[PDB]
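Asks: Below is the structure I would like to discuss, written out as structure tokens.
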Amino acid sequence: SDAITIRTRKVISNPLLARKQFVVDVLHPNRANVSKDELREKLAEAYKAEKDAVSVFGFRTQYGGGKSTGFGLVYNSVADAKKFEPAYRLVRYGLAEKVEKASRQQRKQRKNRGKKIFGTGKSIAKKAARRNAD
Amino acid sequence: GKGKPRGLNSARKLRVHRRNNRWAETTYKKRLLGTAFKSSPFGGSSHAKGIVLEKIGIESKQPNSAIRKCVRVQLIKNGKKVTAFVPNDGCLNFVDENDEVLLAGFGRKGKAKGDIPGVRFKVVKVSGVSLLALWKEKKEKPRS
Amino acid sequence: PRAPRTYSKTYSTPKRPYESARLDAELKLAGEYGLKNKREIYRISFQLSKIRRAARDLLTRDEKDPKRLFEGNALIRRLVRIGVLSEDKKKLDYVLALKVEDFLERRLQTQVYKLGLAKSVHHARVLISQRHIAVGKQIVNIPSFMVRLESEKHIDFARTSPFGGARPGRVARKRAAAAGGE
Amino acid sequence: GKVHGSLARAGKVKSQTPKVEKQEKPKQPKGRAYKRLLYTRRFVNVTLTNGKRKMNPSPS
RNA sequence: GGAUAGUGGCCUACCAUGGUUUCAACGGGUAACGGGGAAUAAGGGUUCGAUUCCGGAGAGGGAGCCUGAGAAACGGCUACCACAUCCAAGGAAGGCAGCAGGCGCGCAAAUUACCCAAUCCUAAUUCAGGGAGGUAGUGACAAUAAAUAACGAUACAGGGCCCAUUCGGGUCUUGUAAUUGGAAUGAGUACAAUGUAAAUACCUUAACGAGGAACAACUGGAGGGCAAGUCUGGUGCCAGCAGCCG
Ligand SMILES: [Mg+2]
Ligand SMILES: [Mg+2]
Ligand SMILES: [Mg+2]
Ligand SMILES: [Mg+2]
Ligand SMILES: [Mg+2]
Ligand SMILES: [Mg+2]
Ligand SMILES: [Mg+2]
Ligand SMILES: [Mg+2]
Ligand SMILES: [Mg+2]
Ligand SMILES: [Mg+2]
Ligand SMILES: [Mg+2]
Ligand SMILES: [Mg+2]
Ligand SMILES: [Mg+2]
Ligand SMILES: [Mg+2]
Ligand SMILES: [Mg+2]
Ligand SMILES: [Mg+2]
Ligand SMILES: [Mg+2]
Ligand SMILES: [Mg+2]
Ligand SMILES: [Mg+2]
Ligand SMILES: [Mg+2]
Ligand SMILES: [Mg+2]
Ligand SMILES: [Mg+2]
């Protein structure tokens, strides 16, 4: 009596982005939300596409449980999904990796520190070293 | 038929007559002259802090025989000195000498209320804490 | 700076706060329909007053005037859709004759009481507040809800609720577990 | 004598009043229940129809 | 004529002696930025509008200027005044009415937080950047919906009563009792998943989570105005209350 059933309303093709856009209306009684990865797979074999060229987001389980609604897209190829989707969706789905970024404050600190020096700092480092030498 | 002019081109004198008559009111004259900012102990201020100078009680009027327990407070914002009234049974002892006290209006539009002569200000807070919390022993004076 | 969205008051406390007859009538209406506060009657009176200001303004306008037609029949269709104004008196002159009790009557509280699934008005209030009644498969935990004519036929206990058919709940499940264990 | 102690002692009456403790006071229903209780007590359990309603009728 | 990008006493040279004003000119005050608007509401109006949008002005007060298409710019320079900083006493460097935060002031107002996800903007231009902005933190400024119990079975009762042999069954119902039962449910915690740039939080939901359901609602008032006591004790024109009468 689980029978998670899925529907794609307002589906529009879009070769401008080589995609198919729709709103995901998922009916699921006696159950919590649909755990996106599982519904991505469901749309994958629903539209005859790989689990990589399918994306869902913006979900909202309506008041009182049961129905839930989100937005979904099906890309023509996995490469197009790679080259068109935002980085954070490619991180959610495991097809990309979080970029090793320093925090914003440290980046700004380093930007100002680079501002302090005109040109490469190769000369000034040795100059200062031999300066405090004497 | 009436003192005011009635012609269709008599807007000027009607307007200036109303403008000259408006000064007969007290609220309008106070608002336009700005007497509250210049002469009142607070300038358009509902509340004001101050420092207790001494600890006096004033007798009441004729039909009411008692001594209301007030306190003389020098205002910190400008330096004026005003008497203020501590409102409750056992709140005089709560306020001590030379402590910051937050005075408020007395509720009668800056005029003496009831039988208490020459006072126009309540006492709401003492030393950062309120009188009402002290009177019901909900908070205690920090004694600093 | 982002464009604000306008909050607005929805009630208006009366001028004379200690009218004996008015206070007794307010308590009568609060006890008849299980209203939590007397702000509820103020809110219904404010809604009635807005409707009534619109009605009188449209009445002032001349008969067979586009504003009169359009907005008057819009207001009448909205009120008959709500259900407070009976189909007999769609005239915009009986719309002034509506009373606060009429809008009180269309509350989901009183509707659940009328249908009989709640045998008491306060029982209707709690049953609504416990997420049991669903107006067309949609759970409504809100007593007023201004139940409309077209959807009153679809009030029943929700499927997720034990009354509509589900697991009983905390007390009964715990007692069943205790009985099974001992 | 004329005055038992020093006069005008900044809270004399409050100081010398007997401190009487609160009663145990079983919980009073609150919210919609209070309004239901008032409605029952006034408009379906009419007690003293003679004279006025006389809510809080002092015993004498 | 000069200058202006250009008209123009905008400036200069020479002339004329003119221009505004009781329809309030000029001067003074504004705890005055103007407006779209806000509160208030029979109609007419009164007050407010520093602030989410449009304009104007300002970057401590003043003046002066380079670069450019656009600045009299100030997170651009020059100098004076005021206020200051490091100092090896020769010198050097200042501009929060930007986002944070601090001192002071005052009755009076927030975290040195996350990030470019969304709105956009700048650039050589997708990609870089953006305290613009969004997200969270505090937040009872205001605004919306709304929990704090609901229903039985019993004892103490009240009204429509079959009549009225006193009755009285309670025949028909409605309350009051520390009696007494079975239910439902959140406020909280919390597997998860959704949410989000990542997280909270909300919507959903496992597993817990109500008996004095201590998971305990206060704030004011009870002479009148004004709804509710001429109950009990205390003080005795004291203490105090009282917006006014008292
Ligand atoms: Mg005396
Ligand atoms: Mg100014
Ligand atoms: Mg403005
Ligand atoms: Mg203004
Ligand atoms: Mg100002
Ligand atoms: Mg602006
Ligand atoms: Mg400027
Ligand atoms: Mg400054
Ligand atoms: Mg340029
Ligand atoms: Mg400048
Ligand atoms: Mg700056
Ligand atoms: Mg700037
Ligand atoms: Mg510079
Ligand atoms: Mg700041
Ligand atoms: Mg900002
Ligand atoms: Mg504040
Ligand atoms: Mg908080
Ligand atoms: Mg509580
Ligand atoms: Mg009380
Ligand atoms: Mg009192
Ligand atoms: Mg009393
Ligand atoms: Mg009365």
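Residue numbering restarts at 1 for every chain of the structure tokens, chains are lettered A, B, ... in their displayed order, and ligands are numbered from 1 as they appear.
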Kindly work out which residues sit at most 10 Å from ligand 4, using only C-alpha atoms (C1' of nucleotides) and all ligand atoms, and give the list as a PDB file with N, CA and C atoms (P, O5', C5', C4', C3', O3' and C1' of nucleotides), in the first residue's frame.

Replies:
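File selection09.pdb, as written:
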```
ATOM      1  P     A E  32      10.346  70.052  12.936  1.00  0.00           P
ATOM      2  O5'   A E  32      11.274  69.619  11.716  1.00  0.00           O
ATOM      3  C5'   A E  32      11.796  70.593  10.826  1.00  0.00           C
ATOM      4  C4'   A E  32      11.400  70.313   9.399  1.00  0.00           C
ATOM      5  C3'   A E  32      12.516  69.842   8.481  1.00  0.00           C
ATOM      6  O3'   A E  32      12.791  68.457   8.607  1.00  0.00           O
ATOM      7  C1'   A E  32      11.322  71.575   7.423  1.00  0.00           C
ATOM      8  P     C E  33      14.310  67.936   8.664  1.00  0.00           P
ATOM      9  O5'   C E  33      14.707  67.741   7.133  1.00  0.00           O
ATOM     10  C5'   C E  33      13.771  67.225   6.201  1.00  0.00           C
ATOM     11  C4'   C E  33      13.792  68.003   4.909  1.00  0.00           C
ATOM     12  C3'   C E  33      12.644  67.728   3.951  1.00  0.00           C
ATOM     13  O3'   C E  33      11.472  68.457   4.270  1.00  0.00           O
ATOM     14  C1'   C E  33      14.680  67.611   2.773  1.00  0.00           C
ATOM     15  P     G E  34      10.027  67.891   3.856  1.00  0.00           P
ATOM     16  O5'   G E  34       9.991  68.047   2.272  1.00  0.00           O
ATOM     17  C5'   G E  34       9.706  69.297   1.664  1.00  0.00           C
ATOM     18  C4'   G E  34       9.323  69.117   0.218  1.00  0.00           C
ATOM     19  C3'   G E  34       8.278  68.044  -0.051  1.00  0.00           C
ATOM     20  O3'   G E  34       6.949  68.483   0.164  1.00  0.00           O
ATOM     21  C1'   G E  34      10.095  67.720  -1.502  1.00  0.00           C
ATOM     22  P     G E  35       5.850  67.452   0.723  1.00  0.00           P
ATOM     23  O5'   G E  35       5.643  66.424  -0.477  1.00  0.00           O
ATOM     24  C5'   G E  35       5.137  66.866  -1.726  1.00  0.00           C
ATOM     25  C4'   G E  35       5.337  65.843  -2.816  1.00  0.00           C
ATOM     26  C3'   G E  35       4.627  64.514  -2.639  1.00  0.00           C
ATOM     27  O3'   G E  35       3.247  64.576  -2.953  1.00  0.00           O
ATOM     28  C1'   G E  35       6.840  64.137  -3.372  1.00  0.00           C
ATOM     29  P     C E  48       2.279  68.165  11.922  1.00  0.00           P
ATOM     30  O5'   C E  48       2.782  66.724  11.464  1.00  0.00           O
ATOM     31  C5'   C E  48       3.244  65.782  12.421  1.00  0.00           C
ATOM     32  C4'   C E  48       3.418  64.407  11.823  1.00  0.00           C
ATOM     33  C3'   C E  48       4.410  64.287  10.679  1.00  0.00           C
ATOM     34  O3'   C E  48       5.762  64.257  11.104  1.00  0.00           O
ATOM     35  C1'   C E  48       2.439  63.114  10.132  1.00  0.00           C
ATOM     36  P     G E  49       6.907  64.892  10.174  1.00  0.00           P
ATOM     37  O5'   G E  49       6.949  63.934   8.900  1.00  0.00           O
ATOM     38  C5'   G E  49       7.330  62.573   9.029  1.00  0.00           C
ATOM     39  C4'   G E  49       7.177  61.818   7.731  1.00  0.00           C
ATOM     40  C3'   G E  49       7.889  62.399   6.522  1.00  0.00           C
ATOM     41  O3'   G E  49       9.277  62.129   6.510  1.00  0.00           O
ATOM     42  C1'   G E  49       5.703  61.765   5.911  1.00  0.00           C
ATOM     43  P     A E  50      10.311  63.279   6.082  1.00  0.00           P
ATOM     44  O5'   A E  50      11.537  63.072   7.073  1.00  0.00           O
ATOM     45  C5'   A E  50      12.819  63.598   6.773  1.00  0.00           C
ATOM     46  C4'   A E  50      13.893  62.600   7.110  1.00  0.00           C
ATOM     47  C3'   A E  50      13.775  61.254   6.409  1.00  0.00           C
ATOM     48  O3'   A E  50      14.317  61.256   5.100  1.00  0.00           O
ATOM     49  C1'   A E  50      14.066  60.893   8.711  1.00  0.00           C
TER      50        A E  50
END
```

Asks: Only residues of chain E matter here; which ones have an atom within 12 Å of chain A, counting only C-alpha atoms (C1' of nucleotides)? Give them as a list in words.

Replies: residues 112, 113, 114, 115, 116, 117, 126, 127, 129, 131, 192, 193, 194, 195, 196, 197, 198, 202, 203, 204, 205 and 206 of chain E

Asks: List every residue of range 183-244 of chain E that has an atom at most 9 Å from any atom of range 157-179 of chain C, giving for each one its closest atom pair and the distance in Å to one decimal, counting only C-alpha atoms (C1' of nucleotides), sorted by chain and then by ascending residue number, as CSV.

Replies:
```
residue,atom,partner,partner_atom,distance
E:183,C1',C:171,CA,7.3
E:184,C1',C:169,CA,7.5
E:185,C1',C:170,CA,9.0
```

Asks: If we count only C-alpha atoms (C1' of nucleotides) and set the cut-off at 9 Å, which residues sit around residue 69 in chain B, ignoring sequence neighbours fewer than 5 positions away in its own chain? Please answer as a PyMOL selection string.

Replies: (chain B and resi 55-59+85-87+92) or (chain D and resi 10)

Asks: Excluding range 25-28 of chain D and residues on its chain fewer than 3 positions from it, collect all residues at most 9 Å away from it, counting only C-alpha atoms (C1' of nucleotides), and give them as a list in words.

Replies: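 So the residues in contact are residues 22 and 34 of chain D; 178, 212 and 216 of chain E.
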
Asks: Okay, now the selection with C-alpha atoms (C1' of nucleotides), as a PDB file, in the first residue's frame?

Replies:
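Just written: result_38.pdb:
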```
ATOM      1  CA  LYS D  22      -2.361  31.732  48.680  1.00  0.00           C
ATOM      2  CA  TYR D  34     -13.126  29.825  30.035  1.00  0.00           C
TER       3      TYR D  34
ATOM      4  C1'   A E 178     -10.242  16.503  44.849  1.00  0.00           C
ATOM      5  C1'   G E 212      -3.317  17.830  39.321  1.00  0.00           C
ATOM      6  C1'   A E 216      -0.155  25.008  36.013  1.00  0.00           C
TER       7        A E 216
END
```

Asks: Counting only C-alpha atoms, which residues from chain C have an atom at most 10 Å from any atom of chain D, and could you show them as a CSV table (one decimal) with C-alpha atoms, in the first residue's frame?

Replies:
```
chain,number,residue,atom,x,y,z
C,24,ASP,CA,-23.7,39.8,27.0
C,27,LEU,CA,-20.6,36.2,25.3
C,28,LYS,CA,-23.8,34.5,23.9
C,29,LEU,CA,-22.2,34.3,20.4
C,30,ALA,CA,-18.9,33.1,21.9
C,31,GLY,CA,-20.6,30.3,23.8
C,32,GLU,CA,-23.0,29.3,21.0
C,33,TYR,CA,-20.1,28.7,18.5
C,34,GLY,CA,-17.2,28.0,20.8
C,35,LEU,CA,-15.2,31.1,19.9
C,36,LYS,CA,-11.9,31.2,21.8
C,37,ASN,CA,-11.8,35.0,22.3
C,38,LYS,CA,-14.1,38.0,21.5
C,122,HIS,CA,-16.2,22.5,21.3
C,125,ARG,CA,-13.3,22.9,17.6
```

Asks: When distances are computed from only C-alpha atoms (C1' of nucleotides) and all ligand atoms, which of E:103, E:157, E:82, E:97 shows the smallest separation from ligand 14?

Replies: E:97

Asks: Find the spatial neighbours of range 59-67 of chain C, counting only C-alpha atoms (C1' of nucleotides), within a cut-off of 10 Å - ignore same-chain residues fewer than 5 positions away - and output them as a short mmCIF file (atom, residue, chain, number, x, y, z; two decimals) with N, CA and C atoms, in the first residue's frame.

Replies:
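Printed below is part_11.cif as written:
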```cif
data_model
loop_
_atom_site.label_atom_id
_atom_site.label_comp_id
_atom_site.auth_asym_id
_atom_site.auth_seq_id
_atom_site.Cartn_x
_atom_site.Cartn_y
_atom_site.Cartn_z
N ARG C 53 -19.79 48.50 3.66
CA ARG C 53 -19.32 49.75 3.07
C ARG C 53 -19.31 49.64 1.56
N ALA C 54 -18.83 48.51 1.03
CA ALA C 54 -18.90 48.29 -0.41
C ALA C 54 -20.34 48.30 -0.90
N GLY C 72 -21.31 44.96 -7.99
CA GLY C 72 -22.41 44.42 -7.22
C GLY C 72 -22.62 42.93 -7.45
N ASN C 73 -22.74 42.52 -8.72
CA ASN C 73 -22.92 41.09 -8.97
C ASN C 73 -21.67 40.30 -8.60
N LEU C 92 -28.52 42.69 -3.71
CA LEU C 92 -27.63 43.75 -3.24
C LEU C 92 -28.34 44.69 -2.26
N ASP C 93 -29.62 44.50 -1.99
CA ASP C 93 -30.29 45.21 -0.90
C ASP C 93 -30.48 44.34 0.33
N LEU C 96 -27.13 44.14 2.63
CA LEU C 96 -26.99 44.98 3.81
C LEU C 96 -27.61 44.31 5.03
#
```

Asks: Mind dumping a table of every chain E residue within 9 Å of ligand 19, with the nearest atom pair and its distance in Å to one decimal, using only C-alpha atoms (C1' of nucleotides) and all ligand atoms, sorted by chain and rising number, as JSON lines?

Replies:
```
{"residue": "E:218", "atom": "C1'", "partner": "ligand 19", "partner_atom_place_in_ligand_line": "1 (Mg)", "distance": 8.7}
{"residue": "E:219", "atom": "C1'", "partner": "ligand 19", "partner_atom_place_in_ligand_line": "1 (Mg)", "distance": 8.2}
{"residue": "E:220", "atom": "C1'", "partner": "ligand 19", "partner_atom_place_in_ligand_line": "1 (Mg)", "distance": 7.7}
{"residue": "E:221", "atom": "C1'", "partner": "ligand 19", "partner_atom_place_in_ligand_line": "1 (Mg)", "distance": 8.6}
```

Asks: For ligand 6, return the neighbouring residues as a PDB file with N, CA and C atoms (P, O5', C5', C4', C3', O3' and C1' of nucleotides), in the first residue's frame (distance at most 10 Å; only C-alpha atoms (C1' of nucleotides) and all ligand atoms).

Replies:
```pdb
ATOM      1  P     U E  51      13.663  60.342   3.949  1.00  0.00           P
ATOM      2  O5'   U E  51      13.643  58.877   4.575  1.00  0.00           O
ATOM      3  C5'   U E  51      14.825  58.091   4.629  1.00  0.00           C
ATOM      4  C4'   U E  51      14.510  56.646   4.923  1.00  0.00           C
ATOM      5  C3'   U E  51      13.527  55.981   3.974  1.00  0.00           C
ATOM      6  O3'   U E  51      14.141  55.539   2.775  1.00  0.00           O
ATOM      7  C1'   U E  51      12.916  55.504   6.206  1.00  0.00           C
ATOM      8  P     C E  53      13.765  51.381  -2.434  1.00  0.00           P
ATOM      9  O5'   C E  53      12.748  52.085  -3.437  1.00  0.00           O
ATOM     10  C5'   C E  53      12.223  51.391  -4.558  1.00  0.00           C
ATOM     11  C4'   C E  53      11.337  52.284  -5.388  1.00  0.00           C
ATOM     12  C3'   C E  53      11.969  53.586  -5.861  1.00  0.00           C
ATOM     13  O3'   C E  53      12.755  53.429  -7.030  1.00  0.00           O
ATOM     14  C1'   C E  53       9.870  54.049  -4.897  1.00  0.00           C
ATOM     15  P     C E  54      14.004  54.401  -7.307  1.00  0.00           P
ATOM     16  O5'   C E  54      13.335  55.779  -7.741  1.00  0.00           O
ATOM     17  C5'   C E  54      12.495  55.852  -8.882  1.00  0.00           C
ATOM     18  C4'   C E  54      11.866  57.215  -9.018  1.00  0.00           C
ATOM     19  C3'   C E  54      12.832  58.386  -9.087  1.00  0.00           C
ATOM     20  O3'   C E  54      13.363  58.569 -10.388  1.00  0.00           O
ATOM     21  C1'   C E  54      11.088  58.877  -7.562  1.00  0.00           C
ATOM     22  P     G E  55      14.929  58.854 -10.602  1.00  0.00           P
ATOM     23  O5'   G E  55      15.045  60.435 -10.475  1.00  0.00           O
ATOM     24  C5'   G E  55      15.515  61.026  -9.275  1.00  0.00           C
ATOM     25  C4'   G E  55      14.964  62.414  -9.079  1.00  0.00           C
ATOM     26  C3'   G E  55      15.914  63.387  -8.397  1.00  0.00           C
ATOM     27  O3'   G E  55      16.815  63.999  -9.302  1.00  0.00           O
ATOM     28  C1'   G E  55      13.866  63.408  -7.258  1.00  0.00           C
ATOM     29  P     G E  56      18.394  63.959  -9.016  1.00  0.00           P
ATOM     30  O5'   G E  56      18.594  65.043  -7.869  1.00  0.00           O
ATOM     31  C5'   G E  56      18.100  66.363  -8.035  1.00  0.00           C
ATOM     32  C4'   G E  56      18.193  67.159  -6.759  1.00  0.00           C
ATOM     33  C3'   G E  56      19.509  67.058  -6.011  1.00  0.00           C
ATOM     34  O3'   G E  56      20.504  67.906  -6.556  1.00  0.00           O
ATOM     35  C1'   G E  56      17.710  66.820  -4.492  1.00  0.00           C
TER      36        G E  56
END
```

Asks: Could you list, as a PDB file with N, CA and C atoms (P, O5', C5', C4', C3', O3' and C1' of nucleotides), in the first residue's frame, all residues that come within 9 Å of ligand 9? Count only C-alpha atoms (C1' of nucleotides) and all ligand atoms.

Replies:
```pdb
ATOM      1  P     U E  67      43.362  66.577 -17.278  1.00  0.00           P
ATOM      2  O5'   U E  67      42.983  65.046 -17.061  1.00  0.00           O
ATOM      3  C5'   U E  67      43.968  64.023 -17.134  1.00  0.00           C
ATOM      4  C4'   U E  67      43.367  62.677 -16.825  1.00  0.00           C
ATOM      5  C3'   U E  67      42.106  62.341 -17.608  1.00  0.00           C
ATOM      6  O3'   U E  67      42.411  61.744 -18.856  1.00  0.00           O
ATOM      7  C1'   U E  67      41.763  61.917 -15.292  1.00  0.00           C
ATOM      8  P     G E  68      41.679  62.231 -20.198  1.00  0.00           P
ATOM      9  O5'   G E  68      40.192  61.689 -20.036  1.00  0.00           O
ATOM     10  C5'   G E  68      39.936  60.307 -19.833  1.00  0.00           C
ATOM     11  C4'   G E  68      38.465  60.057 -19.638  1.00  0.00           C
ATOM     12  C3'   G E  68      37.552  60.784 -20.613  1.00  0.00           C
ATOM     13  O3'   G E  68      37.416  60.111 -21.853  1.00  0.00           O
ATOM     14  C1'   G E  68      36.779  61.147 -18.419  1.00  0.00           C
ATOM     15  P     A E  69      36.901  60.908 -23.149  1.00  0.00           P
ATOM     16  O5'   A E  69      35.420  61.345 -22.761  1.00  0.00           O
ATOM     17  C5'   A E  69      34.791  62.462 -23.371  1.00  0.00           C
ATOM     18  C4'   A E  69      33.358  62.588 -22.919  1.00  0.00           C
ATOM     19  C3'   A E  69      33.147  62.933 -21.451  1.00  0.00           C
ATOM     20  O3'   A E  69      33.207  64.329 -21.214  1.00  0.00           O
ATOM     21  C1'   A E  69      31.741  61.122 -22.067  1.00  0.00           C
ATOM     22  P     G E  70      33.701  64.901 -19.797  1.00  0.00           P
ATOM     23  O5'   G E  70      32.579  64.435 -18.764  1.00  0.00           O
ATOM     24  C5'   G E  70      31.268  64.984 -18.802  1.00  0.00           C
ATOM     25  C4'   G E  70      30.305  64.158 -17.985  1.00  0.00           C
ATOM     26  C3'   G E  70      30.653  64.008 -16.512  1.00  0.00           C
ATOM     27  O3'   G E  70      30.189  65.096 -15.733  1.00  0.00           O
ATOM     28  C1'   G E  70      30.200  61.879 -17.430  1.00  0.00           C
TER      29        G E  70
END
```

Asks: Between E:210, E:149, E:123, E:57, which one has atoms that come closest to chain D, using only C-alpha atoms (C1' of nucleotides)?

Replies: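 When distances to chain D are compared using only C-alpha atoms (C1' of nucleotides), the smallest one comes from E:149.
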
Asks: Find, counting only C-alpha atoms (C1' of nucleotides), the residue in C:23, C:100, C:139, C:112 that gets nearest to chain E.

Replies: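 Of C:23, C:100, C:139, C:112, the one nearest chain E is C:23, counting only C-alpha atoms (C1' of nucleotides).
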
Asks: Residues of chain C within 9 Å of chain E: nearest atom pair and distance (Å, one decimal) for each, counting only C-alpha atoms (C1' of nucleotides), sorted by chain and number, as a tab-separated table?

Replies:
```
residue	atom	partner	partner_atom	distance
C:1	CA	E:52	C1'	4.8
C:2	CA	E:52	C1'	5.6
C:3	CA	E:52	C1'	5.7
C:4	CA	E:52	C1'	6.3
C:6	CA	E:143	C1'	8.5
C:7	CA	E:143	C1'	4.9
C:8	CA	E:143	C1'	5.8
C:9	CA	E:143	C1'	6.5
C:10	CA	E:144	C1'	8.4
C:17	CA	E:226	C1'	8.3
C:18	CA	E:227	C1'	5.6
C:19	CA	E:227	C1'	7.5
C:20	CA	E:227	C1'	6.6
C:23	CA	E:227	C1'	8.1
C:122	CA	E:150	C1'	7.2
C:123	CA	E:150	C1'	5.7
C:125	CA	E:150	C1'	9.0
C:126	CA	E:150	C1'	6.5
C:127	CA	E:184	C1'	8.1
C:129	CA	E:185	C1'	8.2
C:130	CA	E:185	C1'	5.4
C:131	CA	E:185	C1'	8.5
C:142	CA	E:145	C1'	7.4
C:143	CA	E:146	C1'	8.9
C:168	CA	E:184	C1'	9.0
C:169	CA	E:184	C1'	7.5
C:170	CA	E:184	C1'	8.5
C:171	CA	E:183	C1'	7.3
C:172	CA	E:183	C1'	7.5
```

Asks: Could you list, as a list in words, the residues of chain B having an atom within 7 Å of chain D when counting only C-alpha atoms?

Replies: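 Residues satisfying the distance criterion: residues 89, 90, 92 and 93 of chain B.
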
Asks: Please save C-alpha atoms of the selected residues as a CSV table (one decimal), in the first residue's frame.

Replies:
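Output saved as part_23.csv:
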```csv
chain,number,residue,atom,x,y,z
B,89,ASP,CA,2.8,51.7,49.5
B,90,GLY,CA,6.4,50.8,50.3
B,92,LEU,CA,10.1,55.1,49.0
B,93,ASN,CA,12.6,52.9,50.8
```

Asks: Where does DSSP see strand (DSSP E or B) in chain A, if you list the residues as a ChimeraX atom specification?

Replies: /A:5-14,19-27,54-61,67-75

Asks: Go through chain E and flag each residue having an atom no more than 10 Å from ligand 14; for those, report the closest pair of atoms plus their distance in Å to one decimal, using only C-alpha atoms (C1' of nucleotides) and all ligand atoms, ordered by chain and rising number, as a tab-separated table.

Replies:
```
residue	atom	partner	partner_atom_place_in_ligand_line	distance
E:96	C1'	ligand 14	1 (Mg)	5.7
E:97	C1'	ligand 14	1 (Mg)	9.9
E:98	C1'	ligand 14	1 (Mg)	7.7
E:99	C1'	ligand 14	1 (Mg)	7.0
E:100	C1'	ligand 14	1 (Mg)	6.8
E:101	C1'	ligand 14	1 (Mg)	7.6
```

Asks: How would you write, as a PyMOL selection string, the set of residues in chain D that DSSP gives as helix (DSSP H, G or I)?

Replies: chain D and resi 12-15+32-44

Asks: Around ligand 10, which protein and nucleic acid residues have at least one atom no more than 9 Å from it, if we count only C-alpha atoms (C1' of nucleotides) and all ligand atoms? List them as a list in words.

Replies: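 Every residue with an atom at most 9 Å from ligand 10 is listed here: residues 58, 59, 71, 72, 73 and 74 of chain E.
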